[PDB]
């Protein structure tokens, strides 16, 4: 069973499908309207046929259903009907920051600062629940028509969670196992501070339209990160960005997780504490997107 609170009914009983927004490996996403309230929702539809593995989708729903924070996409339930699973969420009309910057070009420093503050608020909430997003990037940060910021796409977090559960199920007898082996099997070998690093990379992505080393073979990038002299990336254009932005990048991209600041600590950084960070900055961006 995918989730103990699934609605075993046709989602079309409750929603009018308005537009297919896209589709691929993850399934398809629809814009729909609540037939009673008139509110808009996103429906993510995935095939869910007998003997398919439900574990990843199960974990994704578990994450969404237990979050109640403005900066995490709101969850309105899931439907299982005729071997399709529909996950219903708050609609973000502008899509992701990647959808936006592919049209607008690079964001301003103030726009990036607001985005980073909103993402850090969502991360601090997730971390206080002992959750880890594990896939912070422009493609997974959604923007609504009011310029508000929502973390979404917990698929990677759910995949990791489901694999972690499978590791525990088949760990075998533990009595000869070294503690660090048990720790990797139970906890994964890293912690929530990985999300802070990913946010620093995301800030570079919003500034430059690509993450660092985007043109290097992925396996080479992984290898370089494991060398003892690996150097965190930096913003390319020194004079374009303030010292505060360069320092935000420096501290979020702290190599050692033992020394990397938490989401709550980062919320005190000058870049995201400064006045004038509000959704109007992103309304400006969305106007550019249409103008």
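Think of the rigid core as the biggest set of C-alphas that the two forms share within 1.5 Å after superposition. Numbering follows the first chain given and starts at 1.
For 214 to 222 versus 81 to 89, the mean Cα distance to the shown form in 5 other deposited structures of this protein after rigid core alignment is larger for 81 to 89. Fitting each structure in 5 other deposited structures of this protein onto the rigid core and averaging C-alpha distances over structures and residues, 11 to 19 emerges as the more displaced of 270 to 278 and 11 to 19.
Look at the C-alpha B-factors of 216 to 224 and of 126 to 134. On average they run higher in 216 to 224. In this entry, the higher average B-factor at the C-alpha atoms falls on 181 to 189, of the pair 86 to 94 and 181 to 189.
Residue set 143, 74, 165, 203: peak C-alpha B-factor at 165 (per PDB entry).
Across the residues 40, 249, 57, 266, the deposited record lists the maximum Cα B factor for 40.
Annotation for residue 19: C-alpha temperature factor in the highest third relative to the rest of the modelled chain, per the entry. Residue-level temperature factors show residue 278 in the lowest third of its chain, judged at the C-alpha atom. Remark: residue 196 belongs to the lowest third of its chain, ranked by C-alpha B-factor as recorded. Ranked within its chain, residue 149 lands in the lowest third, by CA B factor from the PDB record. Residue 239: CA B factor lies in the highest third for its chain, per the PDB record.
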